[PDB]
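Let's start with one chain on its own, the form deposited without this ligand, as structure tokens.
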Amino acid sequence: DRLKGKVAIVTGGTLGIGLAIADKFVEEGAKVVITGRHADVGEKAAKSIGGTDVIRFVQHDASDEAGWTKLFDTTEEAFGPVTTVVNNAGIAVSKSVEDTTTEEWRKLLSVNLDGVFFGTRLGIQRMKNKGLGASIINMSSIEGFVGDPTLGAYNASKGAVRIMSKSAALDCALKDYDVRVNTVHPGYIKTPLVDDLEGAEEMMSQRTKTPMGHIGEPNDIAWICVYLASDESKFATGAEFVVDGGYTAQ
């Protein structure tokens, strides 16, 4: 019951980290809408967690600005006022800054940065001043703290989310909106996508990358998000929560 009465939107909630967030949110009493681009994947995902009284799928691209106010409307029609937004949708490009095409740059930032902006802006507008204990959780990454030579655009996007989220936190706090904004920074997490890339998990598990010598699992990110969505974290805003197996500590 740690999220009793909460109503959450989890973007990119049909796979991996987002799916586990949705799963644990439902376990703790939240009602959840998960979004993703692909209907079959999303319908399967929602039903794996529960019925439509607690979780529903909505097809939506986080870069699709006009769809964001309809996503809130759909969620509120189902479950009542939204209390919790998890901006987790994202894509990656494996290119150095030097090698990044302008098309790649723009495509990644449209999802990873503009999408988070859209969800944060709308979340503040739709949740402020309602006594909801509202919480916006923006998914950055270890790549919001340190560079990676092969993730130039991705680093730009995660650094942007990191600091934009502080701006939003501060404005909400100063205006007594009853909305908190925080960032979560996963290290490497095992998912089917990582499993599809030969040698990725082993590279990420080297001690010079992850000191624990293995990578994490989606529930590792889910539980920090439960904390941040709950009223347990009512004094936490503007902060960065790193769950990375020691990656950034060395």
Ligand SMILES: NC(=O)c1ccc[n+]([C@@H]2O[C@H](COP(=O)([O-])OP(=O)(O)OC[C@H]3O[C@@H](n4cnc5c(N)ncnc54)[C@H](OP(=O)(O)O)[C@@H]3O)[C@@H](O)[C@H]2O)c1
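In this text, residue numbers run from 1 along the sequence as written. Just so we're on the same page, rigid core means the largest C-alpha set that superposes within 1.5 Å between forms.
Heads up, the form solved in complex with this ligand isn't pictured, but that's what we're talking about next.
In the deposited bound form, no heavy atom of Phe79 sits within 4.5 Å of this ligand. Within 4.5 Å of some heavy atom of this ligand in the deposited bound form lies at least one heavy atom of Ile17. The closest heavy atom approach of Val194 to this ligand in the deposited bound form falls within 4.5 Å. Contact check for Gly90: a heavy atom falls within 4.5 Å of this ligand in the deposited bound form. Using a 4.5 Å cut-off to this ligand in the deposited bound form, not one of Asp1, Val32 and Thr75 places a heavy atom inside that distance.
Contact annotation: of the candidates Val111, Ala169, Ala153, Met127, the single residue with a non-hydrogen atom within 4.5 angstroms of this ligand in the deposited bound form is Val111. The listed set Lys44, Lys70, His38, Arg207 contains one residue whose heavy atoms approach this ligand in the deposited bound form to within 4.5 Å, identified as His38. Partner contact region in the deposited bound form: 81 to 89, out of 81 to 89, 95 to 103, 174 to 182, 129 to 137, criterion any non-hydrogen atom within 4.5 Å of this ligand.
The single residue of 155 to 175 lying near this ligand in the deposited bound form is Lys158, the criterion being any heavy atom within 4.5 Å. Superposing the rigid core between this form and the one not shown leaves a single residue from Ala200, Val54, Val41, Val58 with a C-alpha shift of at least 2 Å: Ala200.
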